[PDB]
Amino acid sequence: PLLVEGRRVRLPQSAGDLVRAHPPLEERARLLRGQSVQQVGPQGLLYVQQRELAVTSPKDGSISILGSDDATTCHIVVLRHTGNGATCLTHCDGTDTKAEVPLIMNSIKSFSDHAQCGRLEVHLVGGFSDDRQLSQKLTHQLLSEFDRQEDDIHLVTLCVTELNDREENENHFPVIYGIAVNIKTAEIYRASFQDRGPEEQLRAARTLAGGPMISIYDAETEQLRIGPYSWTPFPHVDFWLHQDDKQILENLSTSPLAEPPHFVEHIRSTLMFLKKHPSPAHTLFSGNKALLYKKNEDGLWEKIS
């Protein structure tokens, strides 16, 4: 079940009510939202896209930071076992929370040396007071699915939906769009990311074409493993490529007036990839082999094999 201050949480309950009833959550939300946004460089970074999951631990000699960005209604989730340091960061968008939380739980529960020290701590960040109720729905699903777990999960950070909302000219949007977690130190902080590779477009196209949440990193070998992926031709991709920015925003985003400034540019690059690669299973991959990337000496991703 989900625990706060050592006691089970009553659900359903709004995130605002939960934080207001528990000073520790209120303090964490105050501090997190008050932090200035740090521009995190590529060294030792594993950037996690929407509908992706990455897990590793302090033993990792390649990755020291996990992060994700560009969350509007989406929630960034961090689950960490404080004893062995195993840390999983996931960028949820509400596609299948019921299936995604078990992916996160198993990502962490496989790690050994978990009984002598520490405990499971979960962190939820993202969303806003969007008039489609999408953020609120995702908050409810995440809290519910984590609470259904048998293991004790300690809710430490809850900065979602109305807690993450701001208003300008009567339009609402998120305060926090992105966060990073330092595997070694366990620090979670507001972050932005300029380097979101490798295979940025391929991974974006997979999600835009409707793929489910996937785990992208193999901690044992310290390798990003991308694909193989498969999809059918994206409907009317040419048509959507030739629409103006406004129609792209209103139709390919569920929070049209809250997206970051480079949203349309990024989705156009993704649509172009889909137009160029209508069926990638046998053209971007050979022998059902994944694309393998490792960190080089200077901390940047490099393709191998």
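One-based numbering along the sequence shown.
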query	finding
Residue stretch of maximal mean CA temperature factor, 141 to 149 vs 120 to 128	141 to 149
Higher-scoring stretch by recorded Cα B factor average, 46 to 54 or 276 to 284	276 to 284
Out of 244, 259, 26, 60, highest CA B-factor residue	244
Candidate residues 107, 95, 161, 84, the one whose C-alpha B factor the record puts highest	95
B-factor third for the C-alpha atom of residue 165 within its chain	lowest
Cα B factor band for residue 265 (lowest, middle or highest third within the chain)	highest
Chain third (lowest, middle, highest) by recorded CA B-factor, residue given as residue 115	highest
Chain-wide C-alpha B factor ranking for residue 249, given as lowest, middle or highest third	highest
Chain thirds of CA B-factor: placement of residue 35	middle
